[PDB]
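input-v9.cif follows; it contains mmCIF, C-alpha atoms; chains and numbers go by the auth columns.
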data_model
loop_
_atom_site.group_PDB
_atom_site.id
_atom_site.type_symbol
_atom_site.label_atom_id
_atom_site.label_comp_id
_atom_site.label_asym_id
_atom_site.label_seq_id
_atom_site.Cartn_x
_atom_site.Cartn_y
_atom_site.Cartn_z
_atom_site.B_iso_or_equiv
_atom_site.auth_seq_id
_atom_site.auth_asym_id
ATOM 1 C CA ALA A 1 -15.181 -24.635 2.077 0.00 1 A
ATOM 2 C CA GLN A 2 -16.074 -20.981 1.669 0.00 2 A
ATOM 3 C CA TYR A 3 -12.505 -19.676 2.029 0.00 3 A
ATOM 4 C CA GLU A 4 -9.849 -21.901 0.459 0.00 4 A
ATOM 5 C CA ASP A 5 -6.070 -21.921 0.248 0.00 5 A
ATOM 6 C CA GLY A 6 -5.340 -21.451 -3.446 0.00 6 A
ATOM 7 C CA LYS A 7 -8.588 -19.638 -4.100 0.00 7 A
ATOM 8 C CA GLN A 8 -9.072 -16.290 -2.278 0.00 8 A
ATOM 9 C CA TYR A 9 -5.616 -16.440 -0.718 0.00 9 A
ATOM 10 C CA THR A 10 -2.354 -18.350 -0.746 0.00 10 A
ATOM 11 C CA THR A 11 0.042 -19.359 2.015 0.00 11 A
ATOM 12 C CA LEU A 12 3.658 -18.206 2.234 0.00 12 A
ATOM 13 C CA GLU A 13 6.088 -21.145 2.250 0.00 13 A
ATOM 14 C CA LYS A 14 8.230 -18.965 4.540 0.00 14 A
ATOM 15 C CA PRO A 15 6.120 -17.086 7.135 0.00 15 A
ATOM 16 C CA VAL A 16 7.454 -13.680 8.184 0.00 16 A
ATOM 17 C CA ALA A 17 8.264 -13.232 11.861 0.00 17 A
ATOM 18 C CA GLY A 18 7.134 -9.967 13.426 0.00 18 A
ATOM 19 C CA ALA A 19 5.264 -8.824 10.322 0.00 19 A
ATOM 20 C CA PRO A 20 2.522 -6.138 10.420 0.00 20 A
ATOM 21 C CA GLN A 21 -0.943 -7.689 10.938 0.00 21 A
ATOM 22 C CA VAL A 22 -2.222 -6.390 7.582 0.00 22 A
ATOM 23 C CA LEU A 23 0.467 -5.314 5.122 0.00 23 A
ATOM 24 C CA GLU A 24 -0.276 -3.712 1.770 0.00 24 A
ATOM 25 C CA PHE A 25 2.300 -2.961 -0.954 0.00 25 A
ATOM 26 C CA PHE A 26 1.719 -0.426 -3.718 0.00 26 A
ATOM 27 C CA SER A 27 3.332 2.032 -6.114 0.00 27 A
ATOM 28 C CA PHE A 28 2.073 5.461 -7.090 0.00 28 A
ATOM 29 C CA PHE A 29 3.195 4.445 -10.636 0.00 29 A
ATOM 30 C CA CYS A 30 1.013 1.338 -10.593 0.00 30 A
ATOM 31 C CA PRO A 31 -2.185 1.626 -12.707 0.00 31 A
ATOM 32 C CA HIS A 32 -3.873 -1.261 -10.882 0.00 32 A
ATOM 33 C CA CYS A 33 -2.833 0.422 -7.601 0.00 33 A
ATOM 34 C CA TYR A 34 -4.570 3.619 -8.727 0.00 34 A
ATOM 35 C CA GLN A 35 -7.688 1.538 -9.334 0.00 35 A
ATOM 36 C CA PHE A 36 -7.338 -0.248 -5.983 0.00 36 A
ATOM 37 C CA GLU A 37 -6.979 2.952 -3.989 0.00 37 A
ATOM 38 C CA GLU A 38 -8.863 5.657 -5.882 0.00 38 A
ATOM 39 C CA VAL A 39 -11.755 3.703 -7.465 0.00 39 A
ATOM 40 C CA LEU A 40 -12.169 0.463 -5.526 0.00 40 A
ATOM 41 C CA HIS A 41 -10.994 1.909 -2.187 0.00 41 A
ATOM 42 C CA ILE A 42 -9.621 -1.500 -1.142 0.00 42 A
ATOM 43 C CA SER A 43 -7.638 -0.182 1.840 0.00 43 A
ATOM 44 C CA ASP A 44 -10.626 1.612 3.332 0.00 44 A
ATOM 45 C CA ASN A 45 -13.016 -1.316 2.782 0.00 45 A
ATOM 46 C CA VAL A 46 -10.574 -3.662 4.460 0.00 46 A
ATOM 47 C CA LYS A 47 -10.329 -1.145 7.414 0.00 47 A
ATOM 48 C CA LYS A 48 -14.049 -1.064 8.045 0.00 48 A
ATOM 49 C CA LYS A 49 -14.228 -4.804 8.563 0.00 49 A
ATOM 50 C CA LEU A 50 -11.100 -5.495 10.593 0.00 50 A
ATOM 51 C CA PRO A 51 -11.240 -6.855 14.158 0.00 51 A
ATOM 52 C CA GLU A 52 -10.478 -4.452 16.993 0.00 52 A
ATOM 53 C CA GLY A 53 -6.759 -4.181 17.697 0.00 53 A
ATOM 54 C CA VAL A 54 -5.701 -4.894 14.116 0.00 54 A
ATOM 55 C CA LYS A 55 -3.802 -2.104 12.333 0.00 55 A
ATOM 56 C CA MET A 56 -3.003 -1.836 8.618 0.00 56 A
ATOM 57 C CA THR A 57 0.440 -0.948 7.317 0.00 57 A
ATOM 58 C CA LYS A 58 0.922 0.249 3.774 0.00 58 A
ATOM 59 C CA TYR A 59 4.343 0.337 2.087 0.00 59 A
ATOM 60 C CA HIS A 60 5.521 1.790 -1.198 0.00 60 A
ATOM 61 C CA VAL A 61 7.810 -0.125 -3.598 0.00 61 A
ATOM 62 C CA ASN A 62 10.841 0.952 -5.649 0.00 62 A
ATOM 63 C CA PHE A 63 10.711 -1.196 -8.748 0.00 63 A
ATOM 64 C CA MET A 64 8.422 0.951 -10.896 0.00 64 A
ATOM 65 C CA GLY A 65 9.525 4.332 -12.173 0.00 65 A
ATOM 66 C CA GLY A 66 13.294 4.386 -11.731 0.00 66 A
ATOM 67 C CA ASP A 67 14.727 7.358 -9.824 0.00 67 A
ATOM 68 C CA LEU A 68 11.229 8.833 -9.363 0.00 68 A
ATOM 69 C CA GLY A 69 9.969 5.503 -8.044 0.00 69 A
ATOM 70 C CA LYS A 70 12.545 5.626 -5.258 0.00 70 A
ATOM 71 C CA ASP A 71 11.823 9.289 -4.605 0.00 71 A
ATOM 72 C CA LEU A 72 8.217 8.221 -4.095 0.00 72 A
ATOM 73 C CA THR A 73 9.206 5.474 -1.635 0.00 73 A
ATOM 74 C CA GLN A 74 11.228 8.092 0.285 0.00 74 A
ATOM 75 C CA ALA A 75 8.309 10.541 0.186 0.00 75 A
ATOM 76 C CA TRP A 76 5.991 7.784 1.430 0.00 76 A
ATOM 77 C CA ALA A 77 8.453 7.308 4.334 0.00 77 A
ATOM 78 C CA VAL A 78 8.098 11.040 5.002 0.00 78 A
ATOM 79 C CA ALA A 79 4.314 10.716 4.938 0.00 79 A
ATOM 80 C CA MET A 80 4.511 7.888 7.476 0.00 80 A
ATOM 81 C CA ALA A 81 6.979 9.770 9.686 0.00 81 A
ATOM 82 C CA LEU A 82 4.793 12.888 9.702 0.00 82 A
ATOM 83 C CA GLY A 83 1.505 11.003 9.865 0.00 83 A
ATOM 84 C CA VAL A 84 0.023 12.701 6.795 0.00 84 A
ATOM 85 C CA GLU A 85 -0.765 9.636 4.662 0.00 85 A
ATOM 86 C CA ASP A 86 -4.433 10.607 4.362 0.00 86 A
ATOM 87 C CA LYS A 87 -3.529 14.020 3.056 0.00 87 A
ATOM 88 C CA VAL A 88 -1.074 13.085 0.362 0.00 88 A
ATOM 89 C CA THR A 89 -2.294 9.726 -0.982 0.00 89 A
ATOM 90 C CA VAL A 90 -4.857 11.148 -3.412 0.00 90 A
ATOM 91 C CA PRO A 91 -2.742 14.035 -4.748 0.00 91 A
ATOM 92 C CA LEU A 92 0.303 11.769 -5.197 0.00 92 A
ATOM 93 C CA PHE A 93 -1.733 9.205 -7.162 0.00 93 A
ATOM 94 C CA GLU A 94 -3.345 11.941 -9.230 0.00 94 A
ATOM 95 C CA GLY A 95 -0.068 13.803 -9.707 0.00 95 A
ATOM 96 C CA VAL A 96 1.703 10.722 -11.014 0.00 96 A
ATOM 97 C CA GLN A 97 -1.073 9.075 -13.041 0.00 97 A
ATOM 98 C CA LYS A 98 -3.880 11.538 -13.777 0.00 98 A
ATOM 99 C CA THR A 99 -2.315 14.952 -14.367 0.00 99 A
ATOM 100 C CA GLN A 100 1.229 13.515 -14.734 0.00 100 A
ATOM 101 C CA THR A 101 2.558 16.705 -13.166 0.00 101 A
ATOM 102 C CA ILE A 102 4.873 14.742 -10.883 0.00 102 A
ATOM 103 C CA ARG A 103 8.107 14.258 -12.790 0.00 103 A
ATOM 104 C CA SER A 104 10.757 15.025 -10.147 0.00 104 A
ATOM 105 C CA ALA A 105 11.448 14.908 -6.412 0.00 105 A
ATOM 106 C CA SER A 106 10.615 18.631 -6.306 0.00 106 A
ATOM 107 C CA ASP A 107 7.187 17.957 -7.791 0.00 107 A
ATOM 108 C CA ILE A 108 6.542 15.414 -5.044 0.00 108 A
ATOM 109 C CA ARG A 109 7.523 17.948 -2.392 0.00 109 A
ATOM 110 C CA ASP A 110 5.091 20.441 -3.964 0.00 110 A
ATOM 111 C CA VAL A 111 2.216 18.057 -3.151 0.00 111 A
ATOM 112 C CA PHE A 112 3.196 18.094 0.517 0.00 112 A
ATOM 113 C CA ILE A 113 3.649 21.908 0.589 0.00 113 A
ATOM 114 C CA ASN A 114 0.249 22.326 -1.045 0.00 114 A
ATOM 115 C CA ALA A 115 -1.282 19.951 1.483 0.00 115 A
ATOM 116 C CA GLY A 116 -0.103 22.205 4.316 0.00 116 A
ATOM 117 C CA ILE A 117 3.126 20.496 5.340 0.00 117 A
ATOM 118 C CA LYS A 118 5.732 23.151 6.113 0.00 118 A
ATOM 119 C CA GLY A 119 8.777 23.211 3.832 0.00 119 A
ATOM 120 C CA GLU A 120 11.210 23.004 6.746 0.00 120 A
ATOM 121 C CA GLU A 121 9.218 20.118 8.193 0.00 121 A
ATOM 122 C CA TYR A 122 9.248 18.173 4.915 0.00 122 A
ATOM 123 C CA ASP A 123 12.947 18.788 4.250 0.00 123 A
ATOM 124 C CA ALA A 124 13.986 17.807 7.770 0.00 124 A
ATOM 125 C CA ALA A 125 12.029 14.547 7.466 0.00 125 A
ATOM 126 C CA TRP A 126 13.268 13.907 3.918 0.00 126 A
ATOM 127 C CA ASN A 127 16.891 14.089 5.010 0.00 127 A
ATOM 128 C CA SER A 128 16.390 12.284 8.345 0.00 128 A
ATOM 129 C CA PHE A 129 17.767 8.900 9.375 0.00 129 A
ATOM 130 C CA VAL A 130 14.305 8.023 10.684 0.00 130 A
ATOM 131 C CA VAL A 131 13.100 8.285 7.078 0.00 131 A
ATOM 132 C CA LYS A 132 16.140 6.328 5.811 0.00 132 A
ATOM 133 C CA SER A 133 15.230 3.511 8.186 0.00 133 A
ATOM 134 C CA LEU A 134 11.588 3.671 7.044 0.00 134 A
ATOM 135 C CA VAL A 135 12.738 3.299 3.423 0.00 135 A
ATOM 136 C CA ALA A 136 14.867 0.341 4.464 0.00 136 A
ATOM 137 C CA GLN A 137 11.900 -1.151 6.352 0.00 137 A
ATOM 138 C CA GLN A 138 9.733 -1.002 3.237 0.00 138 A
ATOM 139 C CA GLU A 139 12.474 -2.633 1.159 0.00 139 A
ATOM 140 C CA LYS A 140 13.078 -5.331 3.797 0.00 140 A
ATOM 141 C CA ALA A 141 9.366 -6.131 4.026 0.00 141 A
ATOM 142 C CA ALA A 142 9.249 -6.617 0.257 0.00 142 A
ATOM 143 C CA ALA A 143 12.158 -9.040 0.464 0.00 143 A
ATOM 144 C CA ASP A 144 10.535 -10.880 3.351 0.00 144 A
ATOM 145 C CA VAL A 145 7.316 -11.702 1.467 0.00 145 A
ATOM 146 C CA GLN A 146 9.357 -12.327 -1.716 0.00 146 A
ATOM 147 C CA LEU A 147 7.289 -9.670 -3.460 0.00 147 A
ATOM 148 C CA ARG A 148 6.792 -10.076 -7.207 0.00 148 A
ATOM 149 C CA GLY A 149 4.246 -7.396 -8.021 0.00 149 A
ATOM 150 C CA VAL A 150 1.809 -4.759 -6.765 0.00 150 A
ATOM 151 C CA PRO A 151 -0.861 -4.260 -5.548 0.00 151 A
ATOM 152 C CA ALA A 152 -0.380 -6.944 -2.904 0.00 152 A
ATOM 153 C CA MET A 153 -1.600 -7.641 0.599 0.00 153 A
ATOM 154 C CA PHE A 154 -0.293 -10.010 3.246 0.00 154 A
ATOM 155 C CA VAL A 155 -1.924 -10.997 6.552 0.00 155 A
ATOM 156 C CA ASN A 156 -0.046 -11.891 9.788 0.00 156 A
ATOM 157 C CA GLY A 157 3.031 -12.491 7.620 0.00 157 A
ATOM 158 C CA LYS A 158 1.509 -15.822 6.615 0.00 158 A
ATOM 159 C CA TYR A 159 -1.169 -15.360 3.951 0.00 159 A
ATOM 160 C CA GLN A 160 -1.222 -13.554 0.607 0.00 160 A
ATOM 161 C CA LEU A 161 -4.436 -12.158 -0.842 0.00 161 A
ATOM 162 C CA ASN A 162 -5.273 -13.710 -4.221 0.00 162 A
ATOM 163 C CA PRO A 163 -7.703 -11.392 -6.026 0.00 163 A
ATOM 164 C CA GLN A 164 -7.411 -13.439 -9.260 0.00 164 A
ATOM 165 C CA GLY A 165 -9.224 -16.119 -7.234 0.00 165 A
ATOM 166 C CA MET A 166 -12.203 -13.784 -6.588 0.00 166 A
ATOM 167 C CA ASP A 167 -15.176 -12.581 -8.797 0.00 167 A
ATOM 168 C CA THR A 168 -14.424 -9.594 -11.086 0.00 168 A
ATOM 169 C CA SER A 169 -17.850 -8.639 -12.515 0.00 169 A
ATOM 170 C CA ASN A 170 -19.306 -6.487 -9.873 0.00 170 A
ATOM 171 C CA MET A 171 -16.513 -4.249 -8.755 0.00 171 A
ATOM 172 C CA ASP A 172 -18.332 -3.973 -5.460 0.00 172 A
ATOM 173 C CA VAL A 173 -18.810 -7.720 -5.038 0.00 173 A
ATOM 174 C CA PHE A 174 -15.053 -8.079 -5.692 0.00 174 A
ATOM 175 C CA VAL A 175 -14.217 -5.399 -3.115 0.00 175 A
ATOM 176 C CA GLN A 176 -16.454 -7.032 -0.494 0.00 176 A
ATOM 177 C CA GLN A 177 -14.944 -10.442 -1.087 0.00 177 A
ATOM 178 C CA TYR A 178 -11.466 -8.974 -0.807 0.00 178 A
ATOM 179 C CA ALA A 179 -12.316 -7.189 2.450 0.00 179 A
ATOM 180 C CA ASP A 180 -14.181 -10.258 3.807 0.00 180 A
ATOM 181 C CA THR A 181 -11.177 -12.439 2.964 0.00 181 A
ATOM 182 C CA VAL A 182 -8.784 -10.154 4.847 0.00 182 A
ATOM 183 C CA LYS A 183 -11.063 -10.274 7.899 0.00 183 A
ATOM 184 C CA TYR A 184 -11.225 -14.097 7.717 0.00 184 A
ATOM 185 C CA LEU A 185 -7.421 -14.333 7.457 0.00 185 A
ATOM 186 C CA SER A 186 -6.988 -11.910 10.345 0.00 186 A
ATOM 187 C CA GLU A 187 -8.882 -14.324 12.617 0.00 187 A
ATOM 188 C CA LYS A 188 -7.200 -17.460 11.244 0.00 188 A
#

Would you mind writing the structure in this file as structure tokens?
Amino acid sequence: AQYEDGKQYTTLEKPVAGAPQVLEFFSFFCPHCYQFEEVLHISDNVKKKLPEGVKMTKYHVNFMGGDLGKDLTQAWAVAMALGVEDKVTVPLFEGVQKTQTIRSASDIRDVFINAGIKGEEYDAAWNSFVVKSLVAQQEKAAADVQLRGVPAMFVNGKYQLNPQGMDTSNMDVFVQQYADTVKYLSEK
């Protein structure tokens, strides 16, 4: 058929109960993640094709970048708590990978301050238990899908996107197939 298990997607042996409908994992340290977000715009292309009533969740991962990697997961929790994901995603990616001006937790905070988040507001979130639980949620989700690498995307806690099973020549053909596959899985 057009969409096939083992081709554009795979099926989790152990489906995740109560999982987000569309769940993406990434790292700001991840070069392929930079490409996915900043050049291919995978997240946004997936958004524009999703059924009504389907939300996307995007989680950061700890396993790249050591102490800074975890600082970034905690900062991503802050972004989620404050609802400023669309203001900090580009400068965090560019700060880590393009300018490489993000070397410490303070440098991360600078991105938020520069984006208009008040210092007091950032610090209160950073030190909050709500953010600690959001970090734990991201870590738990990774365990639940038995995550091996990023970027990654899972649908209804049952299916894993398999971009290596798609065409790579036209960037844009790849991106459409990826987005079309997520929509298909969403309705499966």

Reference answer for the PyMOL selection byres ((chain A and resi 99-113) around 10), as a tab-separated table (two decimals) with C-alpha atoms, keeping the file's coordinate frame:
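See part.tsv below for the written result:
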chain	number	residue	atom	x	y	z
A	67	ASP	CA	14.73	7.36	-9.82
A	68	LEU	CA	11.23	8.83	-9.36
A	69	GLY	CA	9.97	5.50	-8.04
A	70	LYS	CA	12.54	5.63	-5.26
A	71	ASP	CA	11.82	9.29	-4.61
A	72	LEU	CA	8.22	8.22	-4.10
A	74	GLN	CA	11.23	8.09	0.28
A	75	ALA	CA	8.31	10.54	0.19
A	78	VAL	CA	8.10	11.04	5.00
A	79	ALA	CA	4.31	10.72	4.94
A	84	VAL	CA	0.02	12.70	6.80
A	87	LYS	CA	-3.53	14.02	3.06
A	88	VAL	CA	-1.07	13.08	0.36
A	89	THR	CA	-2.29	9.73	-0.98
A	90	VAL	CA	-4.86	11.15	-3.41
A	91	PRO	CA	-2.74	14.04	-4.75
A	92	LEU	CA	0.30	11.77	-5.20
A	93	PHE	CA	-1.73	9.20	-7.16
A	94	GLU	CA	-3.34	11.94	-9.23
A	95	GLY	CA	-0.07	13.80	-9.71
A	96	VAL	CA	1.70	10.72	-11.01
A	97	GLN	CA	-1.07	9.07	-13.04
A	98	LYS	CA	-3.88	11.54	-13.78
A	114	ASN	CA	0.25	22.33	-1.04
A	115	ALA	CA	-1.28	19.95	1.48
A	116	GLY	CA	-0.10	22.20	4.32
A	117	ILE	CA	3.13	20.50	5.34
A	118	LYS	CA	5.73	23.15	6.11
A	119	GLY	CA	8.78	23.21	3.83
A	120	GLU	CA	11.21	23.00	6.75
A	121	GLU	CA	9.22	20.12	8.19
A	122	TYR	CA	9.25	18.17	4.92
A	123	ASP	CA	12.95	18.79	4.25
A	126	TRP	CA	13.27	13.91	3.92

Margin query: Between atom CA of residue 149 of chain A and atom CA of residue 58 of chain A, what distance in Å does the model show, to one decimal?
Written below: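 Computed distance, atom CA of residue 149 of chain A to atom CA of residue 58 of chain A, equals 14.4 Å.
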
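Comparing the minimum interatomic distances between residue 136 of chain A and each of A:46, A:77, A:39, A:185, counting all atoms listed in the file, we find that A:77 sits nearest.
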
Margin query: Counting only C-alpha atoms, which residue out of A:132, A:158, A:47, A:183 sits closest to residue 17 of chain A?
Written below: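 Using only C-alpha atoms, residue 17 of chain A sits closest to A:158.
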
Note to self: Please determine, counting only C-alpha atoms, which residue among A:50, A:64, A:57, A:7 has the shortest atom-to-atom distance to residue 27 of chain A.
What the structure shows: A:64

Item checked: Expected selection from the PyMOL selection byres ((chain A and resi 142) around 12), given as a PyMOL selection string -> chain A and resi 16+19+23-26+58-63+135-141+143-154+157

Check: For residue 44 of chain A, which of A:124, A:32, A:163, A:86 is the closest residue, counting only C-alpha atoms?
Finding: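 Ranking A:124, A:32, A:163, A:86 by distance to residue 44 of chain A, first place goes to A:86.
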
Next item on the list: For atom CA of residue 14 of chain A and atom CA of residue 56 of chain A, determine how far apart the two atoms are, in Å to one decimal place.
Entry: 20.9 Å

Item checked: Interatomic distance, atom CA of residue 4 of chain A to atom CA of residue 165 of chain A (Å, one decimal) ->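 Distance between the two atoms: 9.6 Å.
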
Notebook entry, point to check: With all atoms listed in the file as the basis for distance, which of A:43, A:156, A:169, A:73 is at the shortest distance from residue 20 of chain A?
Noted result: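 That would be A:156, the residue with the smallest distance to residue 20 of chain A.
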